[PDB]
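In structure tokens, one chain follows: the form deposited in one PDB entry.
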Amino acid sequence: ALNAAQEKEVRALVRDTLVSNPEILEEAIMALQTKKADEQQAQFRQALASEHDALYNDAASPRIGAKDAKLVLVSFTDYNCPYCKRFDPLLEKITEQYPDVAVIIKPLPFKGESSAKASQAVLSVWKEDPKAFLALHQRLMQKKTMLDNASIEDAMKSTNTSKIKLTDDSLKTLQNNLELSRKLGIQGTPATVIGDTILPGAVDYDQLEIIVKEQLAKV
């Protein structure tokens, strides 16, 4: 053992050490990144059921894939999130390889104004010209640099959506995405809803393919 008083001082040092040096946390996160484990969460079934219509029946939420689809994934993502930029082509590839599968995008504004603006832009484009959304979506994901208004205008120009107005209705959609994320325990991106579980972060295509196939099976 060790002094019953020393025990409680170690417990406090665990708290003070982590909160004061978040690089410790971020390195621990880096360490967890090297472990190939899907960290699927089932803590939120009730909340997912309770929010079914907000997840899957919101016409303002862009869709990649078939409206006909048998399985719909919900991607909570941020156009400025580096892991998001890399995880999205995997999600896209699922819909290409499994046409029975579609992905609903829920953009989030976590990394600031330009995230909010990009979110606004794609949501607006989706509402006015659904078929032009995917190109703009991809173009934003390809930006290697922190977005700003200039680089968003460029993305819209090179994807012929520059003439589409960013609307106020789209911001209501964005605030829904946010409150919805709040309720599903989603505090980081990318988070992916696949049936009853949430995939709290990005995974390898191999792991994603298996998870889709298992849920695509259940229906």
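In this text, residue numbers run from 1 along the sequence as written.
Not on display, but discussed next: the form deposited in another entry.
Quiz item: Whereabouts is the hinge between the shown form and the other one, that is, which of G65, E39, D129, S114 sits where one rigid part meets the other?
Solution: Looking at the options, the one at the hinge is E39.
Quiz item: Shorter or longer C-alpha distance for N177 and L25 in the other form, given it differs from this form by 3 Å or more?
Solution: Farther is correct, given that in the other form the C-alpha spacing of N177 to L25 is increased by at least 3 Å.
Exercise. Looking in the other form, decide if the C-alpha atoms of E39 and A47 are closer or farther than in the form shown; they differ by 3 Å or more.
Key: It is closer: in the other form, the C-alpha atoms of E39 and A47 lie at least 3 Å nearer than they do here.
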